[PDB]
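Q: I would like to see how this sequence folds:
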Amino acid sequence: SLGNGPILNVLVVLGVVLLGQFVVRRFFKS
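A: Residues are numbered from 1 along each chain as shown. Shown next is the protein structure:
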């Protein structure tokens, strides 16, 4: 939201991606 500050969109996308990668790798480890 707010074109002046579009950084919010970046933060949310990054969070989702990180969570997915972490959980998948952890399961494989065990």
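Q: Tell me, how many residues neighbour residue 28?
A: Using other CB atoms under 10 Å, residue 28 has 7 neighbouring residues. For the C-beta atoms, the positions are set from N, CA and C on the backbone; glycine is no exception.
Q: Where does it fall, secondary structure wise?
A: helix 7-29 (DSSP states H and E).
Q: So which residues lie in contact with that helix, not counting its own?
A: Helix 7-29 is contacted from outside by 1-2, using CB atoms under 8 Å, 6 or more residues apart in numbering.
Q: Report the distance from it to the chain centre.
A: 4 Å (CA atoms, centre = their mean, to the nearest Å).
Q: and the residue nearest the centre of the chain, how far is that from residue 23?
A: For the chain, the residue nearest the mean C-alpha position is residue 15 (2.2 Å; CA atoms, centre = their mean). Distance, residue 15 to residue 23, using CB to CB, to the nearest Å: 13 Å.
Q: What of residue 1?
A: In this view, residue 1 and residue 23 are 28 Å apart by CB to CB.
Q: More neighbours: which of those two?
A: residue 23 (10 against 7).
Q: what's the neighbour count on residue 8?
A: Around residue 8 there are 10 residues (other CB under 10 Å).
Q: How much space separates residue 8 from residue 2?
A: 8 Å.
Q: and if you look at residue 27?
A: For residue 27, the distance to residue 2 - CB to CB - is 38 Å.
Q: before we move on, what about residue 15?
A: From residue 15 to residue 2 the distance is 19 Å (CB to CB).
Q: go on, residue 28?
A: Counting by CB to CB, the gap from residue 28 to residue 2 is 39 Å.
Q: One more: residue 24?
A: On the measure of CB to CB, residue 24 and residue 2 end up 33 Å apart.
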